[PDB]
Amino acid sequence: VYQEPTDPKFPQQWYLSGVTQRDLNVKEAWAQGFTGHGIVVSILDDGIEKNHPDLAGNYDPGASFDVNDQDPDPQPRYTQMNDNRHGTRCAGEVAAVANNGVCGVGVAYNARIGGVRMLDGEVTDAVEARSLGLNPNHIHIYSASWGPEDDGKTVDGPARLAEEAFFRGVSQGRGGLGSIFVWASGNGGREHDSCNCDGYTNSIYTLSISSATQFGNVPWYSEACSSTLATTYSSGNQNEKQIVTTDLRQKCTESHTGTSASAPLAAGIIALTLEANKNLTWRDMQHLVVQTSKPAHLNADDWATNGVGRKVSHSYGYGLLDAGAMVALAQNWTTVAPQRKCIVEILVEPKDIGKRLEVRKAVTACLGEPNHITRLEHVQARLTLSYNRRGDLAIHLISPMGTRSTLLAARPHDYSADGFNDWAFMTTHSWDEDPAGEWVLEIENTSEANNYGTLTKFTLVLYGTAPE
C-alpha cells in the first residue's frame, strides 16, 4: 500500500493532498507509481541553490547553467534581502526531495531538477534564446515564472532569437517530440493586466498556467485572458494558506505566492504525465490538459461552455490540473494527427473603430487545401490597429460555434497611443471546435471619452487537425 511522504511539512502542503479532495490530486498519481523517475525539469529564473538540503538529491547539472555569467554553475547571487530566491522556491515545488525529513516534497519528487540563472542581469534576446534552448534533448520540461512587466500598461513578447528558440524547441526538442514550456500567467491582477498582452504566456508554444486560492477563488494578482490553458493552486488572501517550498540559505518557506508558484506545480504534474507516457508530443500534452482539467470548486463569474461542451474561464482556462486524470489519460493516449495551420486574411482594407466595430467573415478553414482544419487547437487573431487610448479597448472573438473569447479586456492604466502591430491575441477556448462558419471580431471603446482609431489588419490563424 503506497506510503505518502513523511516529510515534516508535507501535511502543510494542502494543495498536493489534504482530504477535502480540494487539491491537485497528486497522491493518486504517486500511488500508480508516477513520481517523476527519469524526467528532467529546468527552472528558468534567477538561479538555483543546488546544495539545498531538499534539492541536492535531485539536482541535475545537465539541466543547469548560468547564462548571466556564461558559466555552468547556476548558484544564485546572495544578497541581504534574498532578492534571488525566486528560482530556488520554484525548484522545490517541482522536485523537492521526499522522505528525507526536510521541509516538504515536490510534485515530481523523483524527477531531476536543474536551474538556469538568466534573470539576474540584462535579460537580452540572446539570453532568453540560450535559456529556452538549453539541452533540448536532456531537459524535457522548462518552467518559466517571469515575463514582461505586469503594470497593466505594457505589450511585449519574445524577440527574434527567442521566438526562434520556442519554435526550434517545440520542433526538435526531446528528439522531435517537442520541448514543453510551462509559463506563469502573470501577477498584474491588481493593475487589471491582461495576459494576452504577454507574448510568452500568449504563445501557442507555452502552457500558460493561472492560479486559484485555497478556497477556490480568483487570486487578487490573477490576470484574466483567453490564452491561459489551466490552473493550479497558489496563495490568496490573508486567511488562505500558501505554498510550501525550499527557500534560499537552505531554509524552508510556507509563504511562496503568486502565479510563480503555479507554473512549477504544473511542471511537476506534467513531469508525472511524461513518466506515464514518454512519447507525448508538446501538443499531446496540451490536449491532455484541456481534457482533464477540472473547473469544479473553482469560483469565477465567467465560466462558459464552448462548442464541444467544455467549461472554460478567462481566469482558469479549462480548470484545475488533475494529476491523477492526467496520468491516467496519458497511458493510453494516441499521439495527435499532424498540425495544420490555416491562415486567413479577414481584411486588409482599413475600417474605422470609433465607438464600436464589428467584423464578420465566413471562414471555410482552408477547405479543399492541405491545411484544412475541422478540429481546432490554438486560434490567433492577429490585429494591427491604431487607437488614441489603448487601455480603453475591449476586443472579443466569437467562433462559428458561438464561443466568445475575450482577446483583450480594458486596462485602465494603459494610456498608450501606439496601438497594436500584428499582435497575435491567442485563445484556447475554441479547442476542438470546428472552425468552419462565420467568425466575428468585436472591438469597442469601453470608455465614455470620444476615442478614435483604425483597424488596418485582421488575420485569423487557425491551428488544428483534419477530421477524426
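The first residue of the sequence shown is number 1, and the count goes up from there.
Next on the checklist: Please compare 200-208 with 85-93 and name the stretch with the higher mean C-alpha B-factor in the deposited structure.
Outcome noted: Mean C-alpha B-factor is greater for 85-93.
Checklist entry - Out of 143-151 and 73-81, which stretch has the higher average CA B-factor listed in the record? => result Of 73-81 and 143-151, the stretch with the higher C-alpha B-factor average is 73-81.
Item to check | C-alpha B-factor winner, where the candidates are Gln339, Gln238, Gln380, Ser222 | outcome: The listed residue with the largest C-alpha B-factor is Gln238.
Next on the checklist: I'd like to know which of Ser227, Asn187, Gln242, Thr232 has the highest C-alpha temperature factor in the PDB entry.
Outcome noted: Answer for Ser227, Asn187, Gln242, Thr232: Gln242, with the highest C-alpha B-factor.
Item to check | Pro412 CA temperature factor, ranked by third within the chain | outcome: Middle third.
Item to check | Chain-relative CA temperature factor third for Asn451 | outcome: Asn451: CA B-factor falls in the lowest third of its chain.
Item to check | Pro435 - Cα temperature factor, lowest/middle/highest third of chain | outcome: It falls in the middle third of the chain.
Next on the checklist: Which third, lowest, middle or highest, does the C-alpha temperature factor of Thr213 belong to within its own chain?
Outcome noted: Middle third by C-alpha B-factor.
Item to check | Lowest, middle or highest third - CA B-factor, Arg160 | outcome: Lowest third, going by the recorded CA B-factors of the chain.
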